[PDB]
Amino acid sequence: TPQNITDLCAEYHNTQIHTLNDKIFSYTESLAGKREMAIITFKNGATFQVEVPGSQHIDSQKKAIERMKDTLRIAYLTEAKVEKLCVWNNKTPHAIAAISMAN
Amino acid sequence: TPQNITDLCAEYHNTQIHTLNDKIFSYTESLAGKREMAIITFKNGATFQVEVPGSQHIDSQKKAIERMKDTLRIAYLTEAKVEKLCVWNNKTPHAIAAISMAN
Amino acid sequence: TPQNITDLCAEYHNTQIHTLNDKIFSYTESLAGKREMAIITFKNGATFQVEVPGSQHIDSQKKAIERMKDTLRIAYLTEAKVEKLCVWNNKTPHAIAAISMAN
Amino acid sequence: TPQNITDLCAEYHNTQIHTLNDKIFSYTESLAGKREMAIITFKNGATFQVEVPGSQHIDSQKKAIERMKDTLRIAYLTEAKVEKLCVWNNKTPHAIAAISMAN
Amino acid sequence: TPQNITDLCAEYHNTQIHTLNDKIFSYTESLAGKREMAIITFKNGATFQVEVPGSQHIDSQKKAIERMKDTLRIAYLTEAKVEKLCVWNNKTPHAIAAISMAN
C-alpha cells in the first residue's frame, strides 16, 4: 500500500497534489438538497470541495466522504496545518481525494 | 459546484444570506417528540433553527442535518466565529441550509 | 416552531423548566442492560437523566437521545454553562427533553 | 431510575464500585478479530476493560458499549478525573458497566 | 483476556510491537476508491496504516477499524504520546491492530 499521500495520489487519473502547509482559512458545509457538501479555502484563495456523494463513488467511499468532512471541520477548528491535498482536477472546485497534516 | 456559501445559497428559492461574523451566543437542542431540533442565537438576538427532519427533505439531506447539528454544537463550544448562514426564510426561526466559518 | 427552550417545553404535558446557569458537576453513563442511560448532577444537588430508549419514544427521538448524551458528555468535559433544562417531571430523576447553553 | 452510579451498580449481580478519583493513566484499543476491546489503567495499577461485544450482551447494550469506548478515549485525552467505575468483577480485568466523572 | 497491548498482540500470528513513546508526526487520510485508509508517521520515519476494510476482516472488526481512524486523528491533533502499536508485519506499511497511549 502507499506510504504517503503523493504515492497514493499518483495511483489515480486526473489528480494532482497541492502543497498548502497552512491552516484552513474558511470551512463551509451545506445540508441543502443535492448540495450536501463541504468547501474549504486557504488564505491564498485556493478552494476545494468534498463532493456530494454520487454515482462516481463506490460504496466503500461513502463512509470515507463522511469521515473527510469530519476531518476538515476539526482541522479547521483546531487550526491544524494542512500539508498536502490530493485532489481530482476534473472538477471545479478541485475535489479532495486525500489530506495530509503535519507540523 | 459552488465556490462559496453565497453561490450555493443562490441555487435555492426562499433563501438569504445572513452575515454574522460572530460566535454563537446560545445553543439549544431538543429530543422531544416532533421537535427533534436545534436552535441557535447570536448576541444581537437573531435566532435560527436546524429543522426537524420531515417530508420536505430528501433522503440525502438526513445525514447532512445530523452533521449540521454536530457542527453547531462544536462551533458553540469552541467559540468559533460564524461568518455567514444561508437560511430558508419561509420558516420561523429561519432554517439553516448552510454555514461558513472564517476567523 | 418555538424560538426557545421555554416555548418548546410548554408544548408538552408533564414538563418544567429548571434554570441552572451552571456547569455540570458530575456526568455518569452506563452500558448495563436496561440501564443504558446517562445521569448528570449540578452542585446544588439537582439530578437529571437521559432515559433509556423505550416504547414511550417515537422513532425520530432515538437519534436525538444519542445526540443528547453526546452533548452532556462534551458539555461536562468543557465546563460549559448550562442555562436551562426542559424536563419531564413524571420520572425520577427528571428526564431531559431539551437543553440550552449560554454564557 | 437510579440517581447515581452506586445505586445503579447495586441493581446488578457480580458487580462492585471502584473509587478512583484519578485520571486515566493509559488507554489501549484494539481492532484485532475477537479482541475488539478497550483497556484502561490507573497509576495504582488497576486495570479495566470494555468487553468485546458478545452473547452476554443484549442488543440495547451494543450502542452503549461503543459510547463507553468513546467516553474513555476522550476522558483519557482531556485528563478528566474518573470518580467511580461500576464493574462486573466476575471477569479479568474487571469489566466496565458504568463510569462517573466529577471534578 | 489481555491486560495490556503486548499480551493482546502475542495472541496473533504475523504481529509485532513497535514502541514509539512519541506523538504522531503526520496524519494522512484518503477517500479514494480502494484506498479508503489512514497512514501515520512518526518523526523517526516509521510509517503505519489502518488497512482498507476487506475480506481479511470479520464483521466485528469493521466498527473497530472506523474507531481506530477516529483515535489516530484525535491523537494526532492533541499531540498525544503513543506508547506502543501492535501491527501486522505481513503488510507494507505495517498494519495497525492495536494502540496504547500513556504519558
# chains A, B, ... in the order shown; residues from 1 in each chain; ligands from 1

call {"tool": "interface_residues", "arguments": {"of": "chain D", "to": "chain E", "cutoff": "10 Å", "atoms": "only C-alpha atoms", "output": "MDAnalysis selection string"}}
result
chainID D and resid 24:41 47:49 51:53 66 69:70 73:74 76:78 91:94

call {"tool": "select_by_dssp", "arguments": {"residues": "chain E", "states": "strand (DSSP E or B)", "output": "ChimeraX atom specification"}}
result
/E:15-22,26-30,38-41,47-50,82-88,94-102

call {"tool": "select_by_dssp", "arguments": {"residues": "chain C", "states": "helix (DSSP H, G or I)", "output": "NGL selection string"}}
result
:C and (5-9 or 59-78)

call {"tool": "write_last_selection", "arguments": {"atoms": "C-alpha atoms", "output": "PDB file, in the first residue's frame"}}
result
ATOM      1  CA  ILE C   5     -36.416  26.209  25.167  1.00  0.00           C
ATOM      2  CA  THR C   6     -39.146  27.670  27.364  1.00  0.00           C
ATOM      3  CA  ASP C   7     -41.624  27.850  24.490  1.00  0.00           C
ATOM      4  CA  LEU C   8     -40.663  24.336  23.338  1.00  0.00           C
ATOM      5  CA  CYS C   9     -41.124  22.935  26.850  1.00  0.00           C
ATOM      6  CA  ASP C  59     -38.508   6.539  16.218  1.00  0.00           C
ATOM      7  CA  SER C  60     -37.376  10.105  15.492  1.00  0.00           C
ATOM      8  CA  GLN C  61     -36.390  10.545  19.120  1.00  0.00           C
ATOM      9  CA  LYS C  62     -33.913   7.630  19.063  1.00  0.00           C
ATOM     10  CA  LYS C  63     -31.101   9.509  17.260  1.00  0.00           C
ATOM     11  CA  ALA C  64     -31.875  12.555  19.379  1.00  0.00           C
ATOM     12  CA  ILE C  65     -31.434  10.593  22.612  1.00  0.00           C
ATOM     13  CA  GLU C  66     -27.969   9.584  21.431  1.00  0.00           C
ATOM     14  CA  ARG C  67     -27.127  13.172  20.487  1.00  0.00           C
ATOM     15  CA  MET C  68     -28.214  14.407  23.905  1.00  0.00           C
ATOM     16  CA  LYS C  69     -25.839  12.008  25.635  1.00  0.00           C
ATOM     17  CA  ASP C  70     -23.063  13.231  23.319  1.00  0.00           C
ATOM     18  CA  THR C  71     -23.950  16.811  24.239  1.00  0.00           C
ATOM     19  CA  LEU C  72     -23.966  16.238  28.004  1.00  0.00           C
ATOM     20  CA  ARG C  73     -20.593  14.491  27.903  1.00  0.00           C
ATOM     21  CA  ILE C  74     -18.841  17.272  25.986  1.00  0.00           C
ATOM     22  CA  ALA C  75     -20.612  19.986  27.976  1.00  0.00           C
ATOM     23  CA  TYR C  76     -19.322  18.304  31.128  1.00  0.00           C
ATOM     24  CA  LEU C  77     -15.757  17.969  29.828  1.00  0.00           C
ATOM     25  CA  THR C  78     -15.600  21.581  28.624  1.00  0.00           C
TER      26      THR C  78
END

call {"tool": "decode", "arguments": {"residues": "segment 6-97 of chain E", "atoms": "C-alpha atoms", "output": "compact mmCIF listing (two decimals), in the first residue's frame"}}
result
# COMPACT_ATOMS: atom_id res chain seq x y z
CA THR E 6 1.77 -6.70 24.41
CA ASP E 7 -0.18 -9.72 25.64
CA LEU E 8 -3.02 -8.98 23.23
CA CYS E 9 -0.59 -8.65 20.31
CA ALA E 10 1.01 -12.02 21.12
CA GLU E 11 -2.34 -13.83 20.58
CA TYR E 12 -1.97 -13.31 16.80
CA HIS E 13 0.37 -14.52 14.07
CA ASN E 14 2.35 -12.06 11.93
CA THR E 15 2.33 -9.33 14.55
CA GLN E 16 4.87 -7.31 16.45
CA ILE E 17 5.03 -4.47 18.93
CA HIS E 18 6.61 -1.16 17.91
CA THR E 19 7.45 1.10 20.84
CA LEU E 20 7.19 4.75 19.84
CA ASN E 21 6.81 6.78 23.03
CA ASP E 22 6.19 9.83 20.82
CA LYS E 23 3.40 11.86 19.29
CA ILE E 24 2.31 11.28 15.71
CA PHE E 25 4.29 13.36 13.22
CA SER E 26 1.85 13.18 10.35
CA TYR E 27 -1.71 12.02 9.71
CA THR E 28 -2.97 11.17 6.20
CA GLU E 29 -6.46 10.03 5.21
CA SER E 30 -7.93 9.04 1.84
CA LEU E 31 -11.41 8.65 0.41
CA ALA E 32 -10.09 7.48 -2.99
CA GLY E 33 -11.69 4.22 -4.20
CA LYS E 34 -9.96 1.08 -2.93
CA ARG E 35 -7.62 3.26 -0.84
CA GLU E 36 -10.03 4.30 1.92
CA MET E 37 -7.29 4.20 4.53
CA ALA E 38 -5.28 6.20 7.01
CA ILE E 39 -1.49 6.48 7.20
CA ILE E 40 0.51 7.81 10.15
CA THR E 41 4.18 8.56 10.52
CA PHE E 42 6.50 9.33 13.38
CA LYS E 43 9.49 11.59 13.30
CA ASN E 44 11.83 8.58 13.18
CA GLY E 45 10.35 7.74 9.73
CA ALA E 46 8.24 4.83 10.96
CA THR E 47 5.05 4.54 8.90
CA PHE E 48 1.86 2.61 9.61
CA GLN E 49 -1.53 2.16 8.03
CA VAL E 50 -5.05 1.42 9.01
CA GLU E 51 -5.91 -1.02 6.23
CA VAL E 52 -8.75 -0.62 3.81
CA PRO E 53 -11.62 -2.80 5.10
CA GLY E 54 -11.56 -6.09 3.23
CA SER E 55 -12.13 -9.85 3.03
CA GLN E 56 -9.49 -10.41 5.69
CA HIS E 57 -11.68 -8.63 8.27
CA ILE E 58 -14.52 -10.24 10.14
CA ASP E 59 -17.71 -8.29 10.61
CA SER E 60 -16.92 -7.33 14.20
CA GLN E 61 -13.70 -5.68 13.04
CA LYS E 62 -15.49 -3.18 10.77
CA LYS E 63 -16.66 -0.78 13.52
CA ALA E 64 -13.28 -1.12 15.25
CA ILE E 65 -11.41 -0.07 12.07
CA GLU E 66 -13.54 3.07 11.96
CA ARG E 67 -12.86 3.72 15.63
CA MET E 68 -9.11 3.33 15.15
CA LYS E 69 -9.09 6.02 12.46
CA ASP E 70 -11.05 8.29 14.82
CA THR E 71 -8.49 7.58 17.53
CA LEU E 72 -5.46 8.30 15.36
CA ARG E 73 -6.93 11.59 14.13
CA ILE E 74 -7.63 12.89 17.62
CA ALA E 75 -4.34 11.57 18.96
CA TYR E 76 -2.60 13.44 16.18
CA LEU E 77 -4.48 16.66 16.81
CA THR E 78 -3.98 16.59 20.59
CA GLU E 79 -0.30 15.62 20.27
CA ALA E 80 -0.95 12.62 22.50
CA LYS E 81 2.02 10.37 23.10
CA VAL E 82 1.68 6.98 21.52
CA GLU E 83 3.31 4.30 23.70
CA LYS E 84 3.09 1.19 21.51
CA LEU E 85 1.49 -0.12 18.33
CA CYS E 86 0.63 -3.74 17.74
CA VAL E 87 0.91 -4.27 13.97
CA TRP E 88 0.66 -6.97 11.38
CA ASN E 89 4.06 -7.23 9.72
CA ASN E 90 2.88 -9.04 6.59
CA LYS E 91 1.72 -5.73 5.07
CA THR E 92 3.56 -2.65 3.92
CA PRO E 93 3.29 -0.26 5.64
CA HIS E 94 2.71 -2.41 8.70
CA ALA E 95 -0.99 -2.52 9.56
CA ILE E 96 -2.28 -1.36 12.93
CA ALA E 97 -4.05 -3.91 15.09
